[PDB]
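S.K.: quick one: experimental structure and sequence below.
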Amino acid sequence: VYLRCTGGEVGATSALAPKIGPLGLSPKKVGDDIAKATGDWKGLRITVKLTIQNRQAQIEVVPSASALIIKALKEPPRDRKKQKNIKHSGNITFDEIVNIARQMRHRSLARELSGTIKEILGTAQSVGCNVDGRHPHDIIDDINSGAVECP
Amino acid sequence: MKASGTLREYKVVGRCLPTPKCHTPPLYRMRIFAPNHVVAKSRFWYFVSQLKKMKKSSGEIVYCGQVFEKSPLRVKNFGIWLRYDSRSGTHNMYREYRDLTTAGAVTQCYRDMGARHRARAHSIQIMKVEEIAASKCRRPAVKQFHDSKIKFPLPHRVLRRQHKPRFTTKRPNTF
Amino acid sequence: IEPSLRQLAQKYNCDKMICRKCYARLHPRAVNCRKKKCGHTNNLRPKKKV
Amino acid sequence: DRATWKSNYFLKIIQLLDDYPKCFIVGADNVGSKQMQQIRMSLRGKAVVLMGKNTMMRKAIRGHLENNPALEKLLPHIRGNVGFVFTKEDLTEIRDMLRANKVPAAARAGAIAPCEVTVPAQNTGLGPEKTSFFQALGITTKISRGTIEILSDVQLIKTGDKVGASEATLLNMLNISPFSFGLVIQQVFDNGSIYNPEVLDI
Amino acid sequence: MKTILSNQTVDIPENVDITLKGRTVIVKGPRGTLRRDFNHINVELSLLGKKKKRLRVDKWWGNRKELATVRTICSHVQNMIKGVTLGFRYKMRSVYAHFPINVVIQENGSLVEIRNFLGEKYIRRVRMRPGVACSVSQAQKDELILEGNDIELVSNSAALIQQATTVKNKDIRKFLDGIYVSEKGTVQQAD
RNA sequence: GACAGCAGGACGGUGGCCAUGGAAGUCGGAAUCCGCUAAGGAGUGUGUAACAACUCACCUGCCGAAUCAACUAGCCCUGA
Ligand SMILES: [Mg+2]
Ligand SMILES: [Mg+2]
C-alpha cells in the first residue's frame, strides 16, 4: 500500500513517485492512467491517494483529508485562466457539510464523540472559518449542538 | 560636612520669623547627625531649605540639643537610608549596621560609604535611621552575625609593630 | 571509518566555542573567554562544521 | 499562571476522589505519547488514568480534612512514577490481563531490557540501495532477484546492550519489532483494602 | 563578605587509614599509600571518631575565593581515597587515520614508544610518571590502559600522550588522528 | 519540593495554509485553535535539496533548600 498527498494536474511529464513500486515494476503508465481515471472530476487541488498493490494492478482509494475538503468546499473551479483574485475569498456557511465530513472522519482524529470537533474544524481554517455575519470567537463560545444528535 | 571622628546626634527645631502676614510658625523638627552643633545647625538649614520655603535670614532655630543613646549597652541593628550622589547620577540606598549606638552606626555608615563607593560627606544625605529587630535584616553579613552561641577563633593574629626591639633573636609566632 | 571513534575525535577537537575577539578554543558550553588578552568577553560563536 | 491551574487540578483530584472510590496504581516509566493516546482511546468506555508530580501526594491533605477512614496507607506507596487509575465499573477481575495490548516498539536508542534480537535469512524487500547500514555494521548479504537477501544468521542486539543510531534506523527500515513495554499495574486498592498482588489478584 | 566557618565533611572507610602531621595528608590503604601537602592554602584539617574516621575541612573568615578553595581540599581528599581504595584506570582508544599507530612500551610500562604517526617517520618517546604503569589492552583493538594511584599523575601522563599525538600545521578538523582518552574509571570495578 | 545534575516523554487534527526547485514543525509572507492531557509551543536550534534522525519550550522519575534575571557604581583588567 502506497500513500501520496499531492495533486495539481495529473502530470506524466517524465516525473512521478514510484520509488517503492519499481521493486515489482508494476506502475509505469497504467497506474498513472488509472490515477487519472480516479482523479477525473475529483478534483482540481491536492488530494490523498493510496494504492493497494496485489500482484496485478493498483486499487486507488481516496481518503478525504480535513483541510483539503475544507478547500474543496470553496467556490469551484479555480485551476488556471486568470487566477489570483486574490488568495482567500472563501465565503461559505458550511453549517452541515463539515458536520457530515467529521461524521465520515472515523478512527483518525483521537476524538471525543462530536464534543469539540466543531471548534477544531471551525478554528483549523485560514480562509473562511465562519458564516460571513458572525465571528469565530463566537463559534468557540456559542456552540451548543451536535453532541447529542451525532452519537 | 567633614564627619571628623565619631558623629553626634542633634535634635534641632526651627521655625520662621513671626510675621504679621502669618504668625505662629509650625516649628519643624529634624534629627541631624553632625560632628558638632554648628555643623548640625548649618545642615539643618540645608535640609529645611531643600524641603520648605526657609532660609537662615527669614527664620530661626529654637533649640539644638544633644541626643544621647537610649541604650548604649545593647548591641543593636540599625537600618540607614541613603541619598548619595555618585559620579554619574544620584542613587537611593538601604544599608544595615550592627553597632551599639545610633551616632556610632551612622559614623560607620559614613566611613563605609567613603570606603566602598568613594562618597564624600558632600554627597551623602541621610534620609532616615531606624532600629530594626532580628528576622528583618535584609543583609547576609548581619544575618550571619545573628548567631547564638557564636564561635570563632582569631587565626594569624600578628601585632606589636616594633614595640618589641627591632633586633632580636626571636621569630614571633601567631595564635 | 569508525564513526564512533570519529564522534570521539570530534568531541576532543571540533565541538568548541571560539571567541570572536581573543581567538581561543575554550569549551562547548562556554560563556566567556578565559584569556585576559580581550577582557573576558561573551562574544562567542560555535566552531565551524561542514 | 500555575496557581489557578494548580487550584483547578486540586478541584479535579477532589472530584475524582469523591466520585470514584476504586483505584489502580500503575507505572509508565517507558511509554510514548501515541501509546498513551492508544490506551486512552481504547479505554474511553472505562477507567480513567491520572498522573503528576508531588501534587498527587494529596490524600494526606484529604485526610487532614478529617473526612476519611485510615486510607492514608497509600502515602508511602507513591514512589517512582506512580499514577492513579480511577474507576467505578469493576467489580470485575479481567482488567489489563485481556487489555495488555501489544504496542510498537519503534527502534530508539536507550532500551536494553529484556531479550535478544535475531535476524534470520530473509529478504529485505526495500528499494535501492539499502545496503549502507549493512556496510556500516557488517552483514553477509547477497543480491538475489531484486529483494536483497542475507546469507548468514547474525544477532544484532543482545541482552543489556545499548541501541545505536544506525542499528535503530536499520531496524526501523526492516520493521523487525524492537523492545516493547506498556504500563504495569503495581498495587490494587479497592475500598480501603490492602491487596498484595504477588500473587493474589486476578 | 567575611563569612564565618565553612566546614566540609569527609567519611573515611575502614579499609584505609588517614594521618596528618599538620596540613600534610597521608592516606594509606590496600593499594599502596599516598601523601600530599596542603601548605599553601592554610585551611584547618581535623579528624574525629574512634574507628569512625570523620574528617572535617574547616576554614574561618577568609574571602569568597578562599571559600571556593575550601571545597577543593575535600574533593582532592575524595580523589586520594578513591585512588587508594580502587585506583585510577584511563582507557585511551587510538582513533587512527589511514596510517595506523604502533604503540609499544619499553621500560616496564614507563616509556611509551609511538610509531608510524600519520606517516611521519619520527619515532616518538614519552616518559611517564613514577607511580603509573602502561599496558596495551586485550580483546580490543589499539586500546591503551594507564593504571595508577594518583589522579594528577595518571591524567598528566594521559595529557602528555594526547599532546604528543597532535596534528601540526594542518586543518585539525580533518585528519582526526591521535590517542585520545576514551574511558575514565577505576582498577577494581563494581564498587 | 524550585534552580543545577542524571533519565524518559515531547503527539493527533495536519505532508495546515500563500508558495511547485522544494517546507512534511526547520528558505520564505499572513497567522494561532481544539482533544489527550503528565505535555507538546501550526513550533528554540542542528541537519536533509526535501522525506528522515537529534535537541529545546513544557511535563514527569531521583536528589534536596534556597535560586535566577535585568540594570547600577567603587577598585582592578582589556580596549592602550
Ligand atoms: Mg594548508
Ligand atoms: Mg589601565
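M.R.: Received, thanks. Numbering: from 1, shown residues only, chains lettered A, B, ... in the order given. Ligands and ions are numbered 1, 2, ... in the order given.

S.K.: going forward, measure contacts and count neighbours with C-alpha atoms only.
M.R.: Will do.

S.K.: now the nearest residue to residue B:121 once chain neighbours are set aside: how far from residue B:101?
M.R.: Excluding the flanking residues, the one nearest residue B:121 by CA to CA, 6 or more residues apart in numbering or on different chains is residue B:1, at 5.4 Å. Noted for residue B:1: a distance of 21 Å to residue B:101, by CA to CA, to the nearest Å.

S.K.: how about the strands in chain E?
M.R.: With DSSP state E as the criterion, chain E has strands at E:6-11, E:17-20, E:24-28, E:33-37, E:44-48, E:54-59, E:88-95, E:102-105, E:111-115, E:124-127, E:132-136, E:143-148, E:178-179, E:183-185.

S.K.: got TSV for the ones you listed, with mean neighbour count and distance to residue A:44 too?
M.R.: Listed next are the strands of chain E as TSV, based on neighbours: other CA atoms under 10 Å in any protein chain shown; distance: least, CA to CA, whole Å:
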stretch	mean neighbour count	distance to residue A:44
strand E:6-11	16	76
strand E:17-20	15	86
strand E:24-28	18	84
strand E:33-37	15	83
strand E:44-48	15	85
strand E:54-59	19	80
strand E:88-95	23	58
strand E:102-105	17	69
strand E:111-115	18	70
strand E:124-127	16	73
strand E:132-136	20	70
strand E:143-148	23	64
strand E:178-179	24	61
strand E:183-185	12	61
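
S.K.: how many neighbouring residues does residue 12 have?
M.R.: Using chain A here. 12 (other CA atoms under 10 Å in any protein chain shown).

S.K.: meant chain C, my bad for not saying
M.R.: Neighbours around residue C:12, by other CA under 10 Å: 14.

S.K.: who touches it in this structure?
M.R.: Residue C:12 makes contact with residue E:180, according to CA atoms under 8 Å, 6 or more residues apart in numbering or on different chains.

S.K.: look up how far chain B lies from it.
M.R.: Note on residue C:12: its distance to chain B, by CA to the nearest CA, to the nearest Å, is 42 Å.

S.K.: which parts of chain D sit against RNA strand F?
M.R.: D:28-34, D:36-37, D:40, D:48-55, D:79-82, D:108-110, D:165 (CA under 7 Å from any atom of the strand).

S.K.: now those residues: which count as buried?
M.R.: Buried subset of the residues of chain D next to RNA strand F (neighbour count, 16 or more other CA atoms under 10 Å in any protein chain shown): D:28, D:40, D:48-49, D:82, D:108.

S.K.: list the contacts for residue 135?
M.R.: Since you didn't name a chain, this refers to chain A. Residues near residue A:135 by CA under 8 Å, 6+ apart: none.

S.K.: look up how far chain E lies from residue A:126.
M.R.: Taking CA to the nearest CA, one finds residue A:126 at 48 Å from chain E.

S.K.: the helices in chain B, which residues?
M.R.: Using DSSP state H, the helices of chain B run over residues B:37-51, B:102-116, B:140-145.

S.K.: looking at the ones you listed, which is closest to chain E?
M.R.: helix B:140-145 (6.6 Å; CA to the nearest CA).

S.K.: may I have that closest one as PDB, with CA atoms only?
M.R.: Output of helix B:140-145 as PDB, limited to C-alpha atoms (Å, rounded to 0.1, in the frame of the first residue of the first chain):
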ATOM      1  CA  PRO B 140      23.700  38.300  54.900                       C
ATOM      2  CA  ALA B 141      26.500  39.800  57.000                       C
ATOM      3  CA  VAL B 142      24.200  41.000  59.800                       C
ATOM      4  CA  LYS B 143      22.200  37.800  59.300                       C
ATOM      5  CA  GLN B 144      25.300  35.600  59.900                       C
ATOM      6  CA  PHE B 145      26.300  37.700  62.900                       C
END
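
S.K.: what's it packed up against?
M.R.: Where contact means 3 or more CA pairs under 8 Å, 6 or more residues apart in numbering or on different chains; DSSP states H and E, helix B:140-145 is packed against strand B:90-99.

S.K.: nearest to RNA strand F, out of the strands of chain E?
M.R.: Evaluated with CA to the nearest atom of the strand, those place strand E:6-11 nearest to RNA strand F, the distance being 12.7 Å.

S.K.: what helix or strand is residue A:76 located in?
M.R.: For residue A:76, there is no helix or strand it lies in under DSSP states H and E.

S.K.: look at residue D:25 and say how many residues are nearby.
M.R.: 21.

S.K.: rewinding a little: the buried ones among the residues of chain D next to RNA strand F: which two are farthest apart?
M.R.: D:48 and D:108 (28.5 Å; CA to CA).

S.K.: and the most centrally placed residue in chain B, how far from residue B:145?
M.R.: Residue closest to the mean C-alpha point of chain B, counted by CA atoms, centre = their mean, is residue B:106 at 1.6 Å. Applying CA to CA, the value for residue B:106 to residue B:145 is 19 Å.

S.K.: can you tell me the closest non-neighbouring residue to the most centrally placed residue in chain E?
M.R.: With distances taken as CA atoms, centre = their mean, residue E:151 lies nearest the centre of chain E, 1.5 Å away. Spatial nearest neighbour of residue E:151, excluding adjacent residues (CA to CA, 6+ apart): residue E:88 at 6.5 Å.

S.K.: and that neighbour, what does it touch?
M.R.: Per CA under 8 Å, 6+ apart, neighbours of residue E:88: E:82, E:146-151, E:154, E:184-187.

S.K.: tell me the bridge partners for it.
M.R.: Beta bridges link residue E:88 to residue E:148 when assigned by DSSP bridges.

S.K.: tally of neighbours for the nearest residue to residue B:49 once chain neighbours are set aside?
M.R.: Spatial nearest neighbour of residue B:49, chain neighbours left out: residue B:55 (5.8 Å); criterion: CA to CA, 6+ apart. Using other CA under 10 Å, residue B:55 has 15 other residues around it.

S.K.: over to residue B:63?
M.R.: Neighbours of residue B:63 using other CA under 10 Å come to 12.

S.K.: over to residue D:195?
M.R.: 13.

S.K.: and the residue nearest to it when sequence neighbours are not counted, what is it in contact with?
M.R.: Distances taken as CA to CA, 6+ apart put residue D:188 closest to residue D:195, at 5.7 Å, once the chain neighbours are dropped. Residue D:188 is in contact with D:23-25, D:194-197, counting by CA under 8 Å, 6+ apart.

S.K.: could you redo the last one with a cut-off of 10 Å?
M.R.: Contacts for residue D:188 were tallied using CA atoms under 10 Å, 6 or more residues apart in numbering or on different chains; they are D:22-26, D:85, D:194-197, D:201.
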